[PDB]
Amino acid sequence: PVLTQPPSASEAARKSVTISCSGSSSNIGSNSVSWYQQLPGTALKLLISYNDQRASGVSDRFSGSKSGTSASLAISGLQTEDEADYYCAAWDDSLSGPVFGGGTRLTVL
Amino acid sequence: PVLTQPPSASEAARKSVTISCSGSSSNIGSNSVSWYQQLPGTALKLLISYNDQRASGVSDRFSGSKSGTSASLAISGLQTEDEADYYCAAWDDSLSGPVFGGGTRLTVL
Amino acid sequence: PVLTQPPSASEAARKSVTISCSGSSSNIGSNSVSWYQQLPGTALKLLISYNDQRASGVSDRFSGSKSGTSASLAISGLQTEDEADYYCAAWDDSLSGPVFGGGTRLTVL
Amino acid sequence: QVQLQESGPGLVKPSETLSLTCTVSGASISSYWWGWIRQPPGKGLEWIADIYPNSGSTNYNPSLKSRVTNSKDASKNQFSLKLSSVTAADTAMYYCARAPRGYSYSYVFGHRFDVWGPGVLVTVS
Amino acid sequence: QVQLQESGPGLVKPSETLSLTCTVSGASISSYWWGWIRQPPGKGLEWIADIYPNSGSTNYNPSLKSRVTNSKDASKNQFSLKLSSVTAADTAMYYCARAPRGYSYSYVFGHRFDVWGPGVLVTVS
Amino acid sequence: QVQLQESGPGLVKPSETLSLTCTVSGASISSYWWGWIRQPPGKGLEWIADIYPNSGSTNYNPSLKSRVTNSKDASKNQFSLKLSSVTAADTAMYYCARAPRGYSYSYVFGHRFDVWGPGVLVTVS
Amino acid sequence: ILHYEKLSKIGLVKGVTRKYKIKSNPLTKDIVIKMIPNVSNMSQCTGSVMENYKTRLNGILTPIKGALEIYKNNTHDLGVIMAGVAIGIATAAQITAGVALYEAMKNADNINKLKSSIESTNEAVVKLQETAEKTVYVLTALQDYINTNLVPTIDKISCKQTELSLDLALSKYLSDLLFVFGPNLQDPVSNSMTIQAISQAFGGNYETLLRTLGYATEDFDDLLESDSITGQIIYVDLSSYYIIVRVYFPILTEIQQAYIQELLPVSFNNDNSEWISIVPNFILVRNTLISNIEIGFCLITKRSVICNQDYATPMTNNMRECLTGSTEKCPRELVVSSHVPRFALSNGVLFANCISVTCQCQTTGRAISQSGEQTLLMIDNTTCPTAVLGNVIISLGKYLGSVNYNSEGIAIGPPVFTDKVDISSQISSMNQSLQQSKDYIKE
Amino acid sequence: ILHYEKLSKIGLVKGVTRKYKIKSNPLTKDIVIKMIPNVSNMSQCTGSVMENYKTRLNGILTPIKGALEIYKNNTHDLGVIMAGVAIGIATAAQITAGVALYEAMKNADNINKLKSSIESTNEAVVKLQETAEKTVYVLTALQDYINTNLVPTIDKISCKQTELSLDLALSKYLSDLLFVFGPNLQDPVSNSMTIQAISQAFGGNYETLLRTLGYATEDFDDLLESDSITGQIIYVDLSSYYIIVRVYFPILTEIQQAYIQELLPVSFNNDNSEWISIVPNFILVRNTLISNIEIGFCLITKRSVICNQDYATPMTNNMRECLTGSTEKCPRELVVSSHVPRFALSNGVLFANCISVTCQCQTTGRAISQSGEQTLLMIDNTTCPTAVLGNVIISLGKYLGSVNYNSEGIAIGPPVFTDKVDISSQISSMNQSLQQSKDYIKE
Amino acid sequence: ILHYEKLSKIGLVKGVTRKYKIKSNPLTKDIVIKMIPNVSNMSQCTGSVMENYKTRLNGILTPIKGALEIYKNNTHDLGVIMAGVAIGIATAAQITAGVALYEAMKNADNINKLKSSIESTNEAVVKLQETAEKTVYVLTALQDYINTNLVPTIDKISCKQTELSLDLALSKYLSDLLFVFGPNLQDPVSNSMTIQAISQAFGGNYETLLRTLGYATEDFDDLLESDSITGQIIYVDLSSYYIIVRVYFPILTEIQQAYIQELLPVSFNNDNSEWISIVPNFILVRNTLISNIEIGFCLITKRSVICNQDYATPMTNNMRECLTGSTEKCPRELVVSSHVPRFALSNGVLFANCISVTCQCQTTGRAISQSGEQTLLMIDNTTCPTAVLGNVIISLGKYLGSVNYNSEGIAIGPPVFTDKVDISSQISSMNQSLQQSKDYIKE
Ligand SMILES: *[C@@H]1O[C@H](CO)[C@@H](O)[C@H](O)[C@H]1NC(C)=O
């Protein structure tokens, strides 16, 4: 149906932040999570797939993890270029398709 | 459809009696027979299953056999407590269910 | 749908002749060819099956071959009794049945 | 020990619908096959239907198939039967029973009603 | 030796139905495939249909599928064909044949009409 | 490098039908899964449908299933989407994407939109 | 009877003692295996598959029937007599198996009265029960595959595809069958073939075959894995393509005054080198008689050794003397590998070569040292309650033997080399030395 | 040539005589095996299965092609010459196989002209016939499972389940394949691999593979079970993932003046104990020359012994003297088991150790007795028309040898011990005795 | 160190030199194997199949748990101590494996915290990921067959047929399982069982099992085929019917100053007869020490020999002298077969017995002749640039040894016979000769 994300997150530079994504047994419990980034006024791009695998040309400061019916995206060495929106998605066995989260907007201090 | 039993049977005490049950290739020829007892004014109980297997707490004087499309129930050491009605049943492949005989009432002299 | 045969063929006695049969990938490319003979005013008989196998009591002067989507019937030691009509047929996977050629009438000089 | 109890109306008017309920104690209805049998007064037994509630499977006696419906309720561990358009021929004693079937250890196939309920009398008048 | 005989009406009026019967001697119709073929006067052969009576299987020529029905009779070892709504184009000689098909010893697939009947002439006037 | 381009009408009148086309360069549409996504202004993403053109397979978002049709054109390497009976709630940015799914080397199942198009804005007024 | 204390000093540590059991007194039961499936529910998609299959199978089955006929045609009632002239050449086991075959023929005739019913079975396992004497189980190869896979997919795939699938399944079945029932089966008149091998005619599923018998015993798995459940072919039908097999189901009996003793080898020190004793590791004792045993053919369990026959073999006088205490006659071999064991535990007591491995006493922290004149050390709790060897820490018991074990000393036997080529080399060198000594006398 | 009468008195009873046959003159035929199935009818359900499978299979197949290239790149027409410097090190068999590999490449090129057609096959068995020279069969692994099981169940199960089933099937196929085509195959330039082993690339169904050849012979099963039908890998495609294999189909030729004689062992009595002679049980006679034979590598039938090569081995002079009548040179071993045979039948005549088993005369009822001076008894119908041994009753013929068999007597050889450890024990003891005798001379 | 020039003259041609590698330093990972399928989607057609299956499986699994309990109940922290008195009798390997088992129990507890999730899996392969410590893969036997074949055909076939198919599948699974997990497994406290054998609990599909680990290495196939990837049973559940297995994944390390040399045997001529030298074909050299190697247990590749342990064995002094140039001590055996190799190629140079095979020089057309005093001929391009042997034509290089090879001559060792019966015959004859010589002194 839908995945639960926090509307906002914030942390100062050179620090690290974590974004959570909550789901259920049919989607996150049984299948993996993908993370996408949307910068202001540009095309969306794939950051993470299979809960921990970074795409080509993605900085090592991004990491992903999954536990139970929840998943997390961690960003270290926070910079100003990391301000964006972040979305999580997961395959759902009852829909034969992906379900998205609400998105989290990241603001750096 | 239906199994053929003799309406009545009789034998003196301390003797032995035999009750027959006739069927066809679809029910008795290919599957096993069960035998049930009904005493006057009480619940029915399972005597025999799988053509020869006695239920728990059933006296050894009851025995069963099967040959071809026919089956038989033998009672030895006949007593007065054995007066009842006896029914045979068999699974039928054309119905996906059991078919019953007409029943035999046992009278002891 | 249909197989392509030449309407006529001719050759002098004691010589040899060849009759061609053209088809497609659905019938001749993937399956074998059968050849039948029809003499004037008599029942049709099977000459060749499985592209080269002669029926019982068929002279060795008849031979068959297949290459690609085409097949050929060769007759050697041509005689006057060989004047007939000859038909080719092949199983077609899109029809679940045979498809016939137009037939070739053989005239000996 | 598994026990079964039947319940229903004592008298059913002709052309109406008869409803019966079987309540099980000591086991869950969703792990076994069950069945319904009836006996007219003074006559022999007749099979009605067999049911597997967990998957909703049902096998019918072909004579009575068009007049039989079944239902279940797992919270109260009960299953119910309904026979429509009853006539004077439907007065009888009714039983519910547990009805296991399958192959034995030596590959002999069999069916048996191994536990019976007391039964309930239904008269159509 | 297997033998086949065709039988039917000599003349069929237009728009009526043509019925043909093939009688087999020396074998049972329920252990083989059979087929029907026709030849117009002065022209080539055309396949009509193939049948397996034991299971009631049938394969049709797509052009004639809508006008063809088949039937059998095991007691007299006969099988029958019926073609409806006949026009002048349906006058021809008709044959029944035995039609085995399958893979050879070396896995080459084939079909063949290995035994033929004499045939019966049908004229539509 | 695979590239995608969306195309459609800038303005769609209410109750009419919206039609969009995705054109692919650098790959054949008949060897991959594809998908459609939309984002209302100021809100989050919403999945519309996934398609496999080679076999004509389609998976739908249950909310929008009754209003969605799909088509393809292999000669020009394009695939098209159509949404009927549009209201004011259907104004958004629309994207097409390549959408592989399956098990990884270590038997973890996943889905991902690995290539995205620029998107096209549709306003319903 | 064995001198365990002396043996432990040359690295032969006492192991587990086991009982000796052999099969005996079998029960017999007959079963039918049909080797062609019933295709009557897919008859329109068979082509000519069954004809080719029957030709191949008949070619396979004819020699077996031919071999059975030799004994069947030449045996008559007297209590049964065989015509030795007609048989010609035979071992005793073959003649005994022929007697068994003649005994089984009567129930074979009774079963063969059910031929039409056997031909018409349409399920993988069927029990035919017509009379008390006409009752038998029928097992049909490949019937499950046809009923579960091919029949339900009719008209979901083409008739050509169904025919090809059936042909491939039959060909694979024949490919598997040929190893057991092919020309390797020269002697079908015997009762030594295991039930596992016979079950290849039913796809290798011997569990179902044994379940049809209806027996019950606690030694079932031990009987199976010791190759003690066997079967014999009694009848072959070349027109219906089925066989009748008689299965023999024995019990296990324990030999009363017998046991089998195991020895655990450990390397020991002599003359600044590492050695191992060349002595059999399993010894059979029956009524105080010592012998070898061909234990590779038996089944070794925790409590007993189970065999389908007596596998005892003789032993030389010198080896028997070595086992009873004369250690100067026990051969030894040099160790040039790091995999050889260096210590062992017996009845709570450690026997260790502490020159080759580090031995420490955990109770005091002091090392345990072995001198050059000691083959190995016995460690119990009189000297060290808790011992450390590498990453292993062990609490120990008390030794029941001599209190002066580590100060006595032993006599050492001669070295040998056991490699196969080295055996020929040694034989040739000894012969040359003997020739030299012989020619020295003549001159 | 063999002294059967003397041999029978030490328990070596004459058995069946057999012919000697060896394979020769093979015919050749090429066939293609495609090791990846066609999934075009389920392409929406494939995920990334085929990519991972191709990576693994390429890893498996690369070394084979590398090994073939060594001979392919270094062989040219002259009638063909090999560059010995480039090859470096090779056996004669490998060089001969390389010559054969060079011969097969002419047909390999014609077959490889059909690459696009090979890639597009969608059935388990297909015959491609484009021209008289471009004709070949293609066998595809796992195609039957895909066509019969996975395609018909599309949309009855989820796409994820279909993908997982396909992956598991491919993984099981690779698990089975690795034993034959893995690192164990370090020498693919040879023609000694059996067709049964090669058929693992097609799931082990060699019956279908041989059916595609179209041959016919009465010795087919004997050729198969003697491991005489072999194949050689000629070409490997690392982009389409198929191989070309050339199959060699020979005939069996009988060696004219040769035969193989079998001996049946029976225990005999000497000095209140039971003994068995240690003599080879199969003897090869060629042109009146006696030798051993490594019969474990051959196939033994009723009428002949069939081998893929000559397995003759030499025999010592003392053993040959033993076989020709010098029985004092035939070794013997003590019997300590109840399973050793006690009697045998040869040409209608019984040879029995009647001290160990009870022998009775059925004709008269009187017992048959054996004295301590007799090793065993010959029983024919001059003295016993019908004999009883346990539950065995046999009617006997007439002995064709000496009429004084039971009163002559024989000379007995020396005892030996055959256990593996006992061999080393005996060698060491003999060496010690030799050393003692040698040092006695010096003093 | 070896005298290759002298060895080549008695038919021992120098072959390939290889490296020596042994496994070491393993990583560990745990996995769960569930041995009963989930039938919740077909529960109406199960009958009493699961109860009977559970009874049989419990009977199989109980002894394994019993054997593990012996070490589990008698091991405690101190850094771990075993109770030697309670254990009683054990080898060093068993005690080490017990220490490993105690180490694995810590992760076993965390895995067993997932019992309810394990019981409810409904797919063949599932990854359970609850926390960082509670993460594991679960593999379920027969689940794929149920999901793909039986569930989709519900109501297309009868419920009775579905039940029978399920029962047959379970019975076949048990029939295959019994060989590995039956009474033959009397010592489950060990880490020597291969992953291939363990995979029989999952139908023999070890490829999928290894894929779940997620490792990557270039020596993967070499590790597999050398039997270096092993596993150990850590926990058995008798109520949910699953096991926990720890897998050991090692690396291969090369022994630095060691190599293995191969020798190619070729027949040679002496005294109008053909002979073959009896010398080991593989020789291990470590730090300039020569020894034998039991290479039958290792994996032979093109560039190295790979073993799971050190298989070196000692060698006699006479054989070591033979290998270093004393050819009068190298034994030989007569050739009576046509299959023995007659020539070989080493470093571009031919070594051939041209008395037994026809040798021609292609450059000049003249024959190459061998005299009766020559054992074999060395052929290089100083005398013949291109040689013809039968159908083989070879271009040759230059010999790096002595320029007078063909005119020197060698000393020949004594003949021997290697047949097993001939060994006993020779031992007995030598003992009789020794007895005669001994009794000559007394008289
Ligand atoms: C050698 O012969 C003597 C004298 O009979 C005997 O005692 C000894 O055991 C024999 N040894 C061997 C190895 O044959």
# chains A, B, ... in the order shown; residues from 1 in each chain; ligands from 1
$ closest_atom_pairs --of "chain I" --to "ligand 1" --cutoff "12 Å" --atoms "only C-alpha atoms and all ligand atoms" --output "CSV"
residue,atom,partner,partner_atom_place_in_ligand_line,distance
I:423,CA,ligand 1,13 (C),11.8
I:424,CA,ligand 1,14 (O),9.0
I:425,CA,ligand 1,14 (O),10.0
I:426,CA,ligand 1,14 (O),10.0
I:427,CA,ligand 1,14 (O),6.6
I:428,CA,ligand 1,14 (O),5.3
I:429,CA,ligand 1,14 (O),8.3
I:430,CA,ligand 1,14 (O),8.1
I:431,CA,ligand 1,1 (C),4.8
I:432,CA,ligand 1,2 (O),6.2
I:433,CA,ligand 1,1 (C),9.2
I:434,CA,ligand 1,1 (C),7.8
I:435,CA,ligand 1,2 (O),6.2
I:436,CA,ligand 1,4 (C),9.6
I:437,CA,ligand 1,2 (O),11.6
I:438,CA,ligand 1,4 (C),10.1
I:439,CA,ligand 1,4 (C),10.4
$ residues_around --residues "residue G:68" --least-positions-apart "4" --cutoff "9 Å" --atoms "only C-alpha atoms" --output "ChimeraX atom specification"
/G:63-64,72-73,98,101,188-189,233-236
$ write_last_selection --atoms "N, CA and C atoms" --output "PDB file, in the first residue's frame"
ATOM      1  N   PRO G  63      17.402 -62.481 -22.312  1.00  0.00           N
ATOM      2  CA  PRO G  63      18.441 -63.335 -21.701  1.00  0.00           C
ATOM      3  C   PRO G  63      18.146 -63.756 -20.269  1.00  0.00           C
ATOM      4  N   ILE G  64      17.474 -62.910 -19.485  1.00  0.00           N
ATOM      5  CA  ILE G  64      17.156 -63.269 -18.104  1.00  0.00           C
ATOM      6  C   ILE G  64      16.221 -64.473 -18.071  1.00  0.00           C
ATOM      7  N   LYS G  72      14.564 -74.041 -14.551  1.00  0.00           N
ATOM      8  CA  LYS G  72      13.137 -74.365 -14.502  1.00  0.00           C
ATOM      9  C   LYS G  72      12.817 -75.654 -15.255  1.00  0.00           C
ATOM     10  N   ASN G  73      13.438 -75.872 -16.414  1.00  0.00           N
ATOM     11  CA  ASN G  73      13.141 -77.046 -17.223  1.00  0.00           C
ATOM     12  C   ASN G  73      13.793 -78.323 -16.707  1.00  0.00           C
ATOM     13  N   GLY G  98      18.710 -72.314  -7.217  1.00  0.00           N
ATOM     14  CA  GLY G  98      17.766 -73.011  -8.079  1.00  0.00           C
ATOM     15  C   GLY G  98      16.706 -73.758  -7.292  1.00  0.00           C
ATOM     16  N   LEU G 101      14.254 -71.206  -6.246  1.00  0.00           N
ATOM     17  CA  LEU G 101      13.406 -70.824  -7.373  1.00  0.00           C
ATOM     18  C   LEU G 101      12.284 -71.837  -7.589  1.00  0.00           C
ATOM     19  N   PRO G 188      21.311 -64.504 -13.009  1.00  0.00           N
ATOM     20  CA  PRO G 188      20.071 -64.175 -12.289  1.00  0.00           C
ATOM     21  C   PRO G 188      19.606 -65.259 -11.329  1.00  0.00           C
ATOM     22  N   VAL G 189      20.167 -66.463 -11.392  1.00  0.00           N
ATOM     23  CA  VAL G 189      19.792 -67.535 -10.452  1.00  0.00           C
ATOM     24  C   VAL G 189      20.694 -67.360  -9.236  1.00  0.00           C
ATOM     25  N   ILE G 233      14.726 -62.808  -8.715  1.00  0.00           N
ATOM     26  CA  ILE G 233      13.763 -62.799  -9.812  1.00  0.00           C
ATOM     27  C   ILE G 233      13.239 -64.213 -10.029  1.00  0.00           C
ATOM     28  N   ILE G 234      11.914 -64.365 -10.007  1.00  0.00           N
ATOM     29  CA  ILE G 234      11.286 -65.673 -10.100  1.00  0.00           C
ATOM     30  C   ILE G 234      10.568 -65.891 -11.433  1.00  0.00           C
ATOM     31  N   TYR G 235      10.065 -64.837 -12.072  1.00  0.00           N
ATOM     32  CA  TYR G 235       9.299 -64.981 -13.303  1.00  0.00           C
ATOM     33  C   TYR G 235       9.395 -63.700 -14.119  1.00  0.00           C
ATOM     34  N   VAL G 236       9.495 -63.861 -15.440  1.00  0.00           N
ATOM     35  CA  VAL G 236       9.566 -62.759 -16.396  1.00  0.00           C
ATOM     36  C   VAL G 236       8.495 -62.982 -17.455  1.00  0.00           C
TER      37      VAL G 236
END
$ interface_residues --of "chain G" --to "chain I" --cutoff "7 Å" --atoms "only C-alpha atoms" --output "PyMOL selection string"
chain G and resi 15+144+152+205-208+221-222+225+301-302+334+336-339+341+343-348+393-397+417+421-422+424-425+428+431
$ write_last_selection --atoms "N, CA, C and O atoms" --output "short mmCIF file (atom, residue, chain, number, x, y, z; two decimals), in the first residue's frame"
data_model
loop_
_atom_site.label_atom_id
_atom_site.label_comp_id
_atom_site.auth_asym_id
_atom_site.auth_seq_id
_atom_site.Cartn_x
_atom_site.Cartn_y
_atom_site.Cartn_z
N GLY G 15 40.69 -48.97 21.90
CA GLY G 15 39.49 -48.27 21.50
C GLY G 15 38.21 -48.92 21.99
O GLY G 15 38.20 -49.59 23.02
N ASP G 144 3.40 -42.46 -12.18
CA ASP G 144 3.20 -41.20 -11.48
C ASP G 144 3.51 -40.01 -12.38
O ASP G 144 2.77 -39.02 -12.39
N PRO G 152 -2.52 -34.08 -17.29
CA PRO G 152 -3.13 -32.77 -17.02
C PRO G 152 -2.79 -31.69 -18.04
O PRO G 152 -3.52 -30.69 -18.11
N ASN G 205 13.20 -46.23 -5.78
CA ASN G 205 12.43 -45.89 -4.58
C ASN G 205 12.14 -47.18 -3.81
O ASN G 205 11.05 -47.74 -3.86
N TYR G 206 13.14 -47.64 -3.05
CA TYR G 206 12.97 -48.87 -2.28
C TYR G 206 12.19 -48.66 -0.98
O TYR G 206 11.70 -49.64 -0.41
N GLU G 207 12.05 -47.41 -0.52
CA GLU G 207 11.27 -47.15 0.69
C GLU G 207 9.81 -47.56 0.51
O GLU G 207 9.24 -48.23 1.37
N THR G 208 9.20 -47.17 -0.62
CA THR G 208 7.82 -47.56 -0.89
C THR G 208 7.69 -49.08 -1.03
O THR G 208 6.74 -49.68 -0.50
N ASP G 221 17.01 -50.12 9.73
CA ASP G 221 18.08 -49.39 9.04
C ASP G 221 19.39 -50.17 9.05
O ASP G 221 20.13 -50.14 8.06
N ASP G 222 19.68 -50.87 10.14
CA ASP G 222 20.89 -51.69 10.19
C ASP G 222 20.82 -52.83 9.18
O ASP G 222 21.82 -53.16 8.53
N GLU G 225 21.41 -51.07 5.60
CA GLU G 225 22.74 -50.57 5.29
C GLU G 225 23.82 -51.64 5.33
O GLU G 225 24.92 -51.41 4.82
N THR G 301 28.71 -49.84 13.62
CA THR G 301 27.89 -48.94 14.43
C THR G 301 28.60 -48.67 15.75
O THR G 301 29.71 -49.14 16.00
N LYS G 302 27.93 -47.90 16.61
CA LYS G 302 28.51 -47.57 17.91
C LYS G 302 28.71 -48.81 18.78
O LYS G 302 29.73 -48.94 19.45
N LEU G 334 58.17 -45.24 8.99
CA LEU G 334 58.56 -43.86 9.23
C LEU G 334 57.44 -42.90 8.85
O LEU G 334 56.66 -43.15 7.92
N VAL G 336 56.48 -39.14 7.54
CA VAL G 336 57.01 -37.99 6.82
C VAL G 336 55.89 -37.01 6.49
O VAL G 336 56.05 -36.14 5.63
N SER G 337 54.75 -37.14 7.18
CA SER G 337 53.60 -36.28 6.95
C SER G 337 53.13 -35.68 8.27
O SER G 337 53.29 -36.28 9.34
N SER G 338 52.53 -34.49 8.18
CA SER G 338 52.06 -33.76 9.36
C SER G 338 50.65 -34.14 9.77
O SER G 338 50.16 -33.62 10.78
N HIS G 339 49.97 -35.01 9.03
CA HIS G 339 48.58 -35.36 9.31
C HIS G 339 48.43 -36.52 10.28
O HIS G 339 47.31 -36.78 10.73
N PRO G 341 48.07 -38.70 13.54
CA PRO G 341 47.66 -38.33 14.91
C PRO G 341 48.82 -38.41 15.89
O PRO G 341 49.70 -39.26 15.78
N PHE G 343 48.09 -37.85 19.55
CA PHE G 343 47.63 -38.22 20.89
C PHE G 343 46.25 -38.83 20.80
O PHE G 343 45.55 -38.70 19.79
N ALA G 344 45.86 -39.52 21.88
CA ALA G 344 44.55 -40.15 21.96
C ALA G 344 44.13 -40.26 23.41
O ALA G 344 44.94 -40.17 24.33
N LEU G 345 42.82 -40.45 23.61
CA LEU G 345 42.22 -40.55 24.93
C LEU G 345 41.56 -41.91 25.08
O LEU G 345 40.76 -42.32 24.23
N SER G 346 41.88 -42.61 26.17
CA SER G 346 41.34 -43.95 26.42
C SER G 346 40.99 -44.07 27.90
O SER G 346 41.87 -43.95 28.76
N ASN G 347 39.71 -44.31 28.17
CA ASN G 347 39.20 -44.48 29.54
C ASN G 347 39.62 -43.33 30.45
O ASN G 347 40.01 -43.53 31.60
N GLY G 348 39.55 -42.11 29.92
CA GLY G 348 39.90 -40.93 30.68
C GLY G 348 41.38 -40.67 30.86
O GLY G 348 41.75 -39.81 31.66
N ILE G 393 41.89 -28.27 26.20
CA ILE G 393 42.05 -28.40 27.64
C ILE G 393 41.16 -29.55 28.11
O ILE G 393 39.96 -29.56 27.84
N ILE G 394 41.76 -30.52 28.80
CA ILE G 394 41.07 -31.76 29.16
C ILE G 394 41.31 -32.07 30.63
O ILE G 394 42.45 -32.03 31.10
N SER G 395 40.23 -32.40 31.35
CA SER G 395 40.33 -32.96 32.70
C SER G 395 40.39 -34.48 32.62
O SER G 395 39.66 -35.10 31.84
N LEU G 396 41.25 -35.08 33.44
CA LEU G 396 41.65 -36.47 33.25
C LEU G 396 41.29 -37.33 34.45
O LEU G 396 41.06 -36.84 35.56
N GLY G 397 41.25 -38.64 34.22
CA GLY G 397 41.01 -39.63 35.24
C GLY G 397 42.29 -40.31 35.71
O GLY G 397 43.39 -39.78 35.59
N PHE G 417 58.39 -50.86 4.84
CA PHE G 417 57.85 -49.91 3.87
C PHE G 417 56.67 -50.55 3.16
O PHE G 417 56.79 -51.66 2.63
N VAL G 421 54.97 -50.20 -4.96
CA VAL G 421 56.20 -50.37 -5.73
C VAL G 421 57.35 -50.78 -4.81
O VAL G 421 58.22 -51.59 -5.18
N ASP G 422 57.38 -50.21 -3.60
CA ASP G 422 58.42 -50.57 -2.64
C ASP G 422 58.35 -52.04 -2.25
O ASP G 422 59.38 -52.63 -1.91
N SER G 424 57.65 -54.61 -4.30
CA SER G 424 58.39 -55.31 -5.34
C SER G 424 59.89 -55.03 -5.23
O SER G 424 60.71 -55.94 -5.42
N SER G 425 60.25 -53.78 -4.95
CA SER G 425 61.66 -53.44 -4.78
C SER G 425 62.30 -54.26 -3.66
O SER G 425 63.39 -54.81 -3.81
N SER G 428 62.68 -57.98 -4.63
CA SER G 428 63.79 -58.19 -5.55
C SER G 428 65.13 -58.07 -4.83
O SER G 428 66.05 -58.87 -5.06
N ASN G 431 65.71 -61.18 -2.76
CA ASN G 431 66.09 -62.31 -3.60
C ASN G 431 67.54 -62.20 -4.06
O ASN G 431 68.26 -63.20 -4.11
#
$ atom_distance --atom1 "atom CA of residue I:211" --atom2 "atom CA of residue I:141"
16.6 Å
$ interface_residues --of "chain H" --to "chain A" --cutoff "12 Å" --atoms "only C-alpha atoms" --output "CSV table (one decimal) with N, CA, C and O atoms, in the first residue's frame"
chain,number,residue,atom,x,y,z
H,158,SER,N,3.1,-17.2,-9.8
H,158,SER,CA,3.6,-15.9,-10.0
H,158,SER,C,4.9,-16.0,-10.8
H,158,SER,O,5.6,-17.0,-10.9
H,159,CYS,N,5.3,-14.8,-11.4
H,159,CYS,CA,6.5,-14.7,-12.2
H,159,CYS,C,7.7,-15.0,-11.4
H,159,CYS,O,8.7,-15.6,-11.8
H,160,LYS,N,7.7,-14.6,-10.1
H,160,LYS,CA,8.8,-14.8,-9.2
H,160,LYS,C,9.0,-16.3,-9.0
H,160,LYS,O,10.2,-16.8,-9.0
H,161,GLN,N,7.9,-17.0,-8.8
H,161,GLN,CA,8.0,-18.5,-8.6
H,161,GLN,C,8.6,-19.2,-9.8
H,161,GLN,O,9.5,-20.1,-9.7
